[PDB]
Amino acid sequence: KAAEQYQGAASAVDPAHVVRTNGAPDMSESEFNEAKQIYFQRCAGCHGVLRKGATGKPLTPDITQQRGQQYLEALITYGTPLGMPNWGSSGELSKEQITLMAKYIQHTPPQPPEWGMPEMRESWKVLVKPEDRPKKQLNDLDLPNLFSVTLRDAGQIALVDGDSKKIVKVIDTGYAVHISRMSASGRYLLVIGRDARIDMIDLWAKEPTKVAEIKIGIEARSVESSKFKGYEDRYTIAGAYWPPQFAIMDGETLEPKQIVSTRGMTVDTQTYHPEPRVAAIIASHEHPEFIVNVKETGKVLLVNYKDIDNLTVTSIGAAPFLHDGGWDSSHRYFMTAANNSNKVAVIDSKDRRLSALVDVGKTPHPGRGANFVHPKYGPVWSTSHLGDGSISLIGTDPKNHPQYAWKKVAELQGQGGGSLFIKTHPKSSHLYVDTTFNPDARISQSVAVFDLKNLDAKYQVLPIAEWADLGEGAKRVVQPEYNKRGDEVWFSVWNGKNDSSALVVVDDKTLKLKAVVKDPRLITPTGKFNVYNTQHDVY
């Protein structure tokens, strides 16, 4: 009764400014569920789960009710030239569906479930206790030259022996695994599906088998291991798309320890954003931290694991829409692309600061990038683009080449836009770039190769898809990846699940076809990650 009067004063909030939602077109339970079913299959990626706008404009009731029914239907139908697909013209969605979507986006967005520690512990499993795991490598596999290839639509990954070109094992994982990452010791393989299911695989057991797993969210893209000296296999971190968050777990058993929300203020307008999806994550070699990229808010956070109980985080403003990126040759600056901002943020991991924001081309997509010493400009880091066919070379040596540091020092020209990965290797004198999503078939089925010993000359075209001899299908080639020796470059010919695919190997020394890996179990192969190169960031 004392506690009653103590909190018995009015809230400073003005009810007239608290807004009730509604005034949308009446639509039944089924009309709504069908619209909801379509929204995540076709729209959520670009517009966001909450519809506050990611790559695309906000689709919340305030704005959609203002536009009204007809503007909405027409827009969804014909699309626009700035990224909005023509769902009606292309005949991808019927007029009836487009009508339901126009009505759906006029209601309050349905709420997706949260996902904290209770759900994480319930999903967590230790398949083989640490004490029951091999003390030595119980097999004759050349682990360093192994490849962890993603069999996207099969919810599996494949361990392919680099020298023999044969599949050594197919392991069940999360659906469409996005990337593979190696532990600092080179013993454990870490794969994470887009569904946020992480699988830890012991490469030492008789046969590479799974020793632990967990689900850190409803949707995810990144996973990483602690690499600072004295912290081998200590912690594993993973970033989720929804909910906006990242989790730190034990690097031996994947036991969840800390969960941190990334919901916050943007760097540009400094207003509140409800869905800042976590993207790339890279382990720092300069301090005991993980370097996390928060997309929609454009913040690079340095999560310090020196004391995992009292988490110290340093919020660095970069630029909106941070995505992928990698280390420069020295492994001190984090070159990451803020793709929809057309800039490349450089994060100094030693001095823990933003070194610069470099203007590049339309929608940079470096992947992890390509590092090499330019004969004139010195040490550079490069990236290709999705929005155009240009290739940016950036200065990454402040000590010996300060006049070029953090500048778009030169530009190269590929086959065209739709590019996703650019590759190279220390031992190699070639530079490869794919064009996976280029709207042309001939271009999307081939890669461009440049001569680093003569960058003035144009690129040669390698007909990767044609070399694979597969037959029908889009046969989109993607992500060049070298072997440990650096004399073989691998490519994935990403064909439909009901079609036939392959991994095409090329002799880097001669640019001649070396081999083609086919197998009924090689369903929709995407990411290939050579152990050594992924473990030691060789790119």
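One rule holds for the numbers: they count along the sequence shown, beginning at 1. Whichever C-alpha set is largest while still superposing within 1.5 Å between the two forms counts as the rigid core.
Peer 1: Would you mind working out which of 143-151 and 332-340 sits farther from this form in 6 other deposited structures of this protein by RMS C-alpha distance, with the rigid core as the fit?
Peer 2: More C-alpha displacement in 6 other deposited structures of this protein shows up in 332-340.
Peer 1: Could you tell me which of the two stretches, 275-283 or 73-81, has its Cα atoms lying farther from the shown structure in 6 other deposited structures of this protein after fitting on the rigid core?
Peer 2: Between the two stretches, 73-81 moves farther in 6 other deposited structures of this protein.
Peer 1: Please compare 22-30 with 63-71 and name the stretch with the higher mean C-alpha B-factor in the deposited structure.
Peer 2: Between 22-30 and 63-71, it is 22-30.
Peer 1: On mean C-alpha B-factor from the PDB entry, just flag whether 134-142 or 230-238 is the higher one.
Peer 2: The entry gives the higher C-alpha B-factor average to 134-142.
Peer 1: Sorting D328, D451, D307, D324 by Cα temperature factor from the record, which one lands on top?
Peer 2: Comparing C-alpha B-factors across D328, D451, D307, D324, the top value belongs to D451.
Peer 1: Of the options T77, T396, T312, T424, which has the highest CA B factor as deposited?
Peer 2: Comparing C-alpha B-factors across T77, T396, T312, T424, the maximum falls on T77.
Peer 1: Among all modelled residues of this chain, ranked by Cα B factor, put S501 in the bottom, middle or top third, i.e. lowest, middle or highest.
Peer 2: According to the entry, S501 has a C-alpha B-factor in the chain's middle third.
Peer 1: Would you check the entry's CA temperature factor for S11 and let me know if it's in the chain's lowest, middle or highest third?
Peer 2: According to the entry, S11 has a C-alpha B-factor in the chain's highest third.
Peer 1: Lowest, middle or highest third: where is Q41 by C-alpha B factor in its chain?
Peer 2: According to the entry, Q41 has a C-alpha B-factor in the chain's middle third.
Peer 1: Ranking every modelled residue in this chain by its Cα temperature factor as given in the entry, which third contains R332?
Peer 2: Middle third.
Peer 1: C-alpha B factor of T534, ranked within the chain: lowest, middle or highest third?
Peer 2: Lowest third - that is where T534 ends up once the chain's C-alpha B-factors are sorted.
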